[PDB]
Amino acid sequence: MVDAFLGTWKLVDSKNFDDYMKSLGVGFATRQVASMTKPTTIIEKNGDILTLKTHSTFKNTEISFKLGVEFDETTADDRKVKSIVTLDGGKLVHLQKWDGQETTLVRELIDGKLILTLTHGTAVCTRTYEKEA
Ligand SMILES: CCCCCCCCCCCCCCCCCCCC(=O)O
Numbered sequence: 000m001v002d003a004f005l006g007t008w009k010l011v012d013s014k015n016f017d018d019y020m021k022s023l024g025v026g027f028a029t030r031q032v033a034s035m036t037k038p039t040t041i042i043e044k045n046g047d048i049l050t051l052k053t054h055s056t057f058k059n060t061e062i063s064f065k066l067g068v069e070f071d072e073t074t075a076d077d078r079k080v081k082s083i084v085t086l087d088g089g090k091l092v093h094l095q096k097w098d099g100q101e102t103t104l105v106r107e108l109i110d111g112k113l114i115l116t117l118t119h120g121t122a123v124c125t126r127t128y129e130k131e132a
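Its first residue numbered 0, the sequence shown is counted upward by one per residue in PDB author numbering.
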């Protein structure tokens with residue numbers, strides 16, 4: 000099910016991440032650093048538990064979850080959200096809810112690259128990651 004997503008991924012392109020961050024209320028100085036950061040995302044499974052690590056020179060995060068089971072998450076920008084991750088159409092769909100707001104983080108594989116689409120409000124960001132050997 001999730002197996003083609005597993006591994007270590009490096010950011011190789013980013014479109015509209017500033018728009019997405021601004022929509023979430025991220026401050027200009029943080030957006031400024033984030034716009035020049037290239038994180039590494041590591042996705043691993045142990046049985047039904049997935050762990051997703053995002054590493055950078057600026058901020059690091061880690062979450063563990065079971066598909067289809069809600070979990071508490073504190074995001075990189077310090078939002079305390081209710082999260083759920085599912086597979087939908089072969090895409091890994093992560094929905095975050097807080098204060099009546101929502102954002103989606105949708106991952107899919109196209110030609111071997113991992114495409115992350117981030118939507119909040121009207122902002123739509125597309126980030127492309129390439130697999131590390
Ligand atoms: C956590 C590792 C850093 C990720 C690179 C961006 C650097 C920090 C930006 C922090 C403020 C904006 C955070 C809004 C959440 C987006 C999470 C997913 C982005 C991605 O994994 O590429």
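Cβ atoms here follow ideal geometry from the backbone N, Cα and C, with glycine treated the same way.
Looking at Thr73, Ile114, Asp77 and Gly99, the one whose alpha-carbon comes closest to that of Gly24 is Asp77. With fewer than 16 other Cβ atoms from the protein chains shown falling within 10 Å of its own Cβ, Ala132 counts as exposed.
Classified as buried, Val84 has 16 or more neighbouring CB atoms from the shown chains inside 10 Å of its CB. With respect to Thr40, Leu86 sits apart: the two C-beta atoms are not nearer than 9 Å. Around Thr60, the same chain offers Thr53 and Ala75 as residues with beta carbons nearer than 6 Å, after the five sequence neighbours per side are excluded.
The closest heavy atom of ligand 1 lies less than 8 Å from the beta carbon of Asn59. Every beta strand (DSSP E) of 3 residues or more that sits fully in the stretch 34 to 99 is shown, in chain order, as 39 to 45, 48 to 54, 60 to 65, 70 to 73, 79 to 87 and 90 to 97. Contact between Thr127 and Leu117 is absent: CB atoms are separated by about 12 Å, not below the 8 Å threshold.
Rounded to whole angstroms, the separation of the alpha carbons of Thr73 and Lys81 is 9 Å.
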